């Protein structure tokens, strides 16, 4: 019996859920190697032809763009590519978006009124916000945020903004910690992806904290995609292609969305109605390809010491 190996950079329970759904549907066993996006992409790069990985599933797109550029990803079947909009797949069709998420501003309405929140992500470099907001500069999500600021506002403004965040922002090493810190009144607001609030609400029932959406094509309204790919080295090419296709089936998308409050990439599928409607987000006009590997953003983070 074939066993597929899934390198899962997405959340642990999401990889488990989709692996279970595929295994029940097809009888194909799915073994999961859990890791971070970059750790897994680096492992695949070092393992080369000996890599046991059949499918890679990542939280963010930069690792897929990196591996695609190296030629490590198999072209996806056209039937699979037809399940999503072209802007939500790799340019050469060797990786495909699975879900999308959005940056938000979580805030405690007991500590700051909605009308007094910063109008733009770019306002948070101002000294008046010192000590009032948390962020997670070591996260791949924040890396994409920086790349978006560089792309929308230019390198010099991005450097000035990130300098202000180094001066004035409260550094958290974990998104769940930052979200609970807002919920528990330790910090007034935090820059996070939307789905952390929903995970915490599911656990606690009702929350004190609320989500603010910057909208208005603000850099802080960035939408990013998680993605998946078949490894060119896979010795189970038919089965691996079947797996990625199943991730974008109605059943697979539902299994994935049962574990994270994100937006489905399968055309014609609606998200959880409790999410802010996708058409209302007014995000900046940046695609996965626009953000790329976020190499300039990484260098800027290093230069500022974040």
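Residue numbers count along the first chain shown, from 1.
Once the C-alpha B-factors are averaged per stretch, 16 to 24 and 285 to 293 rank with 16 to 24 first. The question of which stretch, 265 to 273 or 247 to 255, has the higher mean Cα B factor is settled in favour of 265 to 273.
By the numbers in the PDB entry, the CA B factor is greatest at 235 among 101, 235, 119, 166. Of the candidates 75, 201, 153, 212, it is 201 whose Cα B-factor is highest according to the PDB record. When the modelled residues of the chain are ordered by their C-alpha B factor, residue 67 lands in the middle third.
In the PDB entry, a CA B factor belonging to the highest third of its chain's modelled residues is recorded for residue 2. Remark: residue 181 belongs to the highest third of its chain, ranked by C-alpha B-factor as recorded. The deposited CA B-factor of residue 89 belongs to the highest third of values across its chain. In this PDB entry, the Cα temperature factor of residue 205 sits in the top third of its chain's modelled residues, the highest group.
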